[PDB]
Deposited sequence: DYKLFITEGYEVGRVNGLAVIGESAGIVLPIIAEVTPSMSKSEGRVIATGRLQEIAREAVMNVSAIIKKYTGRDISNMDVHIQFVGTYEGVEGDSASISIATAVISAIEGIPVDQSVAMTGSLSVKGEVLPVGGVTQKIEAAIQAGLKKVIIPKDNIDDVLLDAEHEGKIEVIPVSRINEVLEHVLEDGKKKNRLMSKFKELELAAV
């Protein structure tokens, strides 16, 4: 049995990447759900709950500004799949942000694409540590692609036999992440049209 899925499309689930110990990479799947608040809360537990809060607050800024979803009146539940002492997650993890966008919009995410990076409140993907070891974990898991922050491209140093095994996609901003992982369709086209103004503002 595995705790991640490696192919196919699922709503609210993203294959993020993290580190354990100082250096070893892991696949850290995130599952998100949004509910009416019946003020809304970020509902998370465990050692990574602060990263969940960072990611959800940061993605909420972009969701309010560019899509107009009233995420402040939602409860946002973040689940980390897999429990390990010593996990270090990405600040404001883009995997968590992506899972929330998927959950709110009902648009599934490609499970064959892993990702790492930190989401800024403006929508930029900021660089992170451990990118080589995270890519190695994605290869060992049988994933097809890995999204990384563009400023981490020169941090990648793979041995001879991790080379050629995974596609590495550098990104600047969240809308590029979404382009690469959301299932193609009308819903996706509508959502990306809203995030166009984020891209225009940034470039």
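When the deposited sequence is numbered from 1, the segments without any C-alpha atom are 1, 40-42.
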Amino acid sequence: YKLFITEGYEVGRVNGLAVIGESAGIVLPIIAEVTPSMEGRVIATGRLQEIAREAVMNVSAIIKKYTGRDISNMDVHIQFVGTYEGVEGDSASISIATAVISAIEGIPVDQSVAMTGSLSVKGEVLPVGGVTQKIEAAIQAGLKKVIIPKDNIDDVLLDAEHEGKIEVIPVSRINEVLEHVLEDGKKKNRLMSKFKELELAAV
From here on, numbers count along this sequence of modelled residues.
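Rigid core: the largest C-alpha set superposing within 1.5 Å between the two forms.
In 4 other deposited structures of this protein, superposed by the rigid core, the C-alpha atoms of 63-71 lie farther from the shown form than the other of 63-71 and 26-34.
Of the two stretches examined, 16-24 and 175-183, the one with higher mean CA deviation in 4 other deposited structures of this protein after a rigid core fit is 16-24. Relative to its counterpart among 11-19 and 176-184, 176-184 has the higher mean temperature factor, C-alpha atoms as listed in the PDB entry. For the segment pair 93-101 and 77-85, the entry gives 77-85 the higher mean B-factor, averaged over Cα atoms. For the set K64, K145, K134, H162, the PDB entry assigns the largest Cα B-factor to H162. Out of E33, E50, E167, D70, the entry records its largest CA B-factor for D70.
When the modelled residues of the chain are ordered by C-alpha B-factor, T45 sits in the highest third. When the modelled residues of the chain are ordered by their C-alpha B factor, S37 lands in the highest third. Ranked by C-alpha B-factor against the other modelled residues of its chain, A55 falls in the lowest third. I26 sits in the middle third of its chain by CA B factor, as recorded in the PDB entry.
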